[PDB]
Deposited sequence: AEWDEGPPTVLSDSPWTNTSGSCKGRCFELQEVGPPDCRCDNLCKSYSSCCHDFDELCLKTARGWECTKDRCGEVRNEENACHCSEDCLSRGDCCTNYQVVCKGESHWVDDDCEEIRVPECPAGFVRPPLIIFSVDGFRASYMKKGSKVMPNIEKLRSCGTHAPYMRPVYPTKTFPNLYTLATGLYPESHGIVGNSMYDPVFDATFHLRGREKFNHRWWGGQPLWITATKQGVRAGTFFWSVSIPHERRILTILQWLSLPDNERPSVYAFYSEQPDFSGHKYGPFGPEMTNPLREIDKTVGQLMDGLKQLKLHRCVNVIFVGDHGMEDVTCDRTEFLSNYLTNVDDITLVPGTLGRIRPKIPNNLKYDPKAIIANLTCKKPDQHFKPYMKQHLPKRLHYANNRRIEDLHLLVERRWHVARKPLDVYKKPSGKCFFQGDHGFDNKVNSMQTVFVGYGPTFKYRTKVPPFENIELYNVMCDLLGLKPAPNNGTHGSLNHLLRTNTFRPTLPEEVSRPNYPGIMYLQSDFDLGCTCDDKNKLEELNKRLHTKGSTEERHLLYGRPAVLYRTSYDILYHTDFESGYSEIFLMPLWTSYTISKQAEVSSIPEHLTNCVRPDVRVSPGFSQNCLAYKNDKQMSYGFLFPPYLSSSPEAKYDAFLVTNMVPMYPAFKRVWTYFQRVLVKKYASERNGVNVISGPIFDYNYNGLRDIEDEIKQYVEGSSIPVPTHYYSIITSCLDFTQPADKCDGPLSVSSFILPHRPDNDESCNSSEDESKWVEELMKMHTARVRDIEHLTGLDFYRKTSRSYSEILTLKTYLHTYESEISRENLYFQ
């Protein structure tokens, strides 16, 4: 119980913690219904609006006004933001020329540049193109500070998961806010964007920026605003807090606007109606900057202007209905719209038949505008599986479409789609002493920002999913010096130690300083050997055409590395070598796979990491058939892999002036995005202990300067990578009955990945020996080739 009888006298938007029975006056009291009786009265004044007029200058201070234009207002810290322009002949901030801020220029008492995070909801990256004609203040921030062309949100591309990701540096599967709405089967409770349950702390994982700041003795302003508090008041409040005594003043502030999201939904992203809300946001930004200038803080504070996600054209006419596919949709609950999550209407309902449901949802219409996935099969780049609040059955919906349960309009826009979709990209601008001046940076992911905000505030970040240092290039100072992880397992270099006669593996090959190092490593291992960051036992193996790190535990390479010149020739597998597998005298029969298992497993076949198709000579091709180059592959997967090995790698070489390729297996049976330990592997080749990868990766590197060959690159690198799911069928690809040239690349693009993703999944550390800085390499590793 809270005693509302109290008063907010001299307490408006106080920063101190106040719990029952005491009544509150902070920006979240209305939301808790615990405001003092005179909160609305004393704290939400509205009299006379938000701007000084000439006729108010040098007025007698009336405490009833929303803001003041009286001569004392500056000391009290509650002038209207335009007071000086209207009353003291100053200029708006926007009208001032841009000037580089080389060091913070802060008033007496300021020890560090405050950080103000200005978040806008549903601000599509492309809105920035509207420029100073529509958004002059924002355009000044963008052009004079540091900007990316866009920032990638997390999936699903909705507000709650993204704002909390910004605050924590975590994927939703880790922070727990996996949707605007979600059901937790252990709580047996439902979280809704609107409603009381969301206020319970049990839902919120990780450690958000305000807690991190607080725990390290840095004071945070509010990161929540009651919907009823108008934007102009949020701005006046932040400015008031910045005018506080040195011993009360916060170091970090957040502003939030629900626009242009609301108008985007109503009118669509390209609607002429979008101009007004964009003008209004820019006006708010100008109030903030005018206010800061008034406080002599405009060259002191760091400002981040940042969106949570974009906005797409979506209308009523583009809705798929599950009732068209399924006989009884009244028995399921669907989280609908721009994504789908399906569970039984009755929790744990035993009659729920997910295999039959998925069957009926799989490639049933030629133009089907969604695709069902068991969550473990979703592209790994989405990182959207390892949480109990994520339903097993998911629908990835096509951009511009909705999925609904059944047919039983006022919107032209929505968002929530796959986070690589162009329309979902959002905005990032940093402006202030700590950011660079007039600098553009490549697009990056919102998970990276928490580390940077910690850097900007002198905080040590809690464990998170950013890669600390990957965004050092945004900053003039306060960069984070990263440190190369130490290798845990050194390799063995096995020489010959066995004779063909030592092997009883069931392999047959109907035909018949070798494997010494130089110069294999300098040709095929361009950026150093991957460091193995876990305890295990493996061998380096050299070959004319490729090098590998062969695991004696998992009985196949952890990685296989090779270079293909632009000029390289593709060759066939000779008829007599079709089924050729050869034992490897370098590796004990006890640490080898046996072809008997393959011969005997009627569902599992095999493939090779280095493709015989790319052998340098008929002689060298024989290396490609070694048992130590072989991996277990379903025939379905082989359709994809052979096309990749025989057509695509060469195509990449030709297009990129040669490529270096590192390929290998990934084991993630528990779908947590991390290297499986032995205990967690659940499938082996029939009758054997050969483990079956859940995915196969390839990392393809070349010279950013394409005029230089990949093997002779003097500068920055270009990288594209994939994590392909290892599945017994191609049900994912609706056109897979056709020739591979019609569907394989489409599948690969969907499963594009960052090198960093592969690192988490393999426990390997790449690019350790290059001519680039460690920070540049971290940037390279977070890169995602999106194909948009």
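Gaps without C-alpha coordinates occur at 1-15, 424-432, 537-544, 821-831, with positions taken along the deposited sequence from 1.
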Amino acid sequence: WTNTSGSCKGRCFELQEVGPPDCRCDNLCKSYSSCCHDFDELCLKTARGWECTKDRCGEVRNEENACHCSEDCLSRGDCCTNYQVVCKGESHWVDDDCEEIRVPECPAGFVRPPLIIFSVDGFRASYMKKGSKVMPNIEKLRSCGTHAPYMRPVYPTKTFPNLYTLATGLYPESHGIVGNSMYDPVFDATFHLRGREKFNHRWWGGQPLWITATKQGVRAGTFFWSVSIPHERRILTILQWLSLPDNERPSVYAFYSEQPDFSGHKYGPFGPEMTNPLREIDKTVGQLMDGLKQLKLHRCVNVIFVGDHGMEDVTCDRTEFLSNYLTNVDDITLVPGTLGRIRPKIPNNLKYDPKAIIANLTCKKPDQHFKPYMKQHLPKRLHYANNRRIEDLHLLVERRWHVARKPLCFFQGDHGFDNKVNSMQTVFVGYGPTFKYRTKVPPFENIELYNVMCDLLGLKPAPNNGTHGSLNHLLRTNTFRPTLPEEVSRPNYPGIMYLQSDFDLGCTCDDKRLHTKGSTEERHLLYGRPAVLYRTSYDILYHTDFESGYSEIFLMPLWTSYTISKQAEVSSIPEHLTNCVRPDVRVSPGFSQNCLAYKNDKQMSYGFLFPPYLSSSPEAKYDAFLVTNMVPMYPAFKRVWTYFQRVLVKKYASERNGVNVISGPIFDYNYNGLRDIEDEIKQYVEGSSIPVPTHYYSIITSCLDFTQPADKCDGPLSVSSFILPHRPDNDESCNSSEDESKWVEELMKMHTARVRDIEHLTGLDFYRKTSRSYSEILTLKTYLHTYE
From here on, numbers count along this sequence of modelled residues.
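So that the term is clear: the rigid core is the largest set of C-alpha atoms that superpose within 1.5 Å between two forms.
Comparing the two stretches 479-487 and 343-351 by root mean square C-alpha distance in 9 other deposited structures of this protein, with all structures fitted on the core, the more displaced one is 343-351. Take 68-76 and 177-185, fit the other structures onto the shown form by the rigid core, and average the C-alpha distances in 9 other deposited structures of this protein: the farther stretch is 68-76. Compared against other deposited entries of this protein, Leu408 counts as often unmodelled, lacking coordinates in at least a third of those that resolve the residues around it. 441-449 and 608-616 differ in mean CA B-factor, and the higher of the two is recorded for 608-616. The stretch 652-660 shows the higher mean C-alpha B-factor when 652-660 is compared against 299-307 in the entry. The entry lists C-alpha B-factors for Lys712, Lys283, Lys345, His415, and the highest of these is at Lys712. Sorting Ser263, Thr560, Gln593, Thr168 by the CA temperature factor given in the entry leaves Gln593 at the top.
When all modelled residues of the chain are sorted by CA temperature factor, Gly763 is found within the middle third. In this PDB entry, the Cα temperature factor of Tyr534 sits in the middle third of its chain's modelled residues. Among all modelled residues in its chain, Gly58 ranks in the highest third by Cα B-factor. For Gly549, the recorded CA B-factor ranks within the middle third of the chain. Only modelled residues enter the ranking. Placement of the Cα temperature factor of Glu732 within the chain: lowest third of the modelled residues, per the deposited record.
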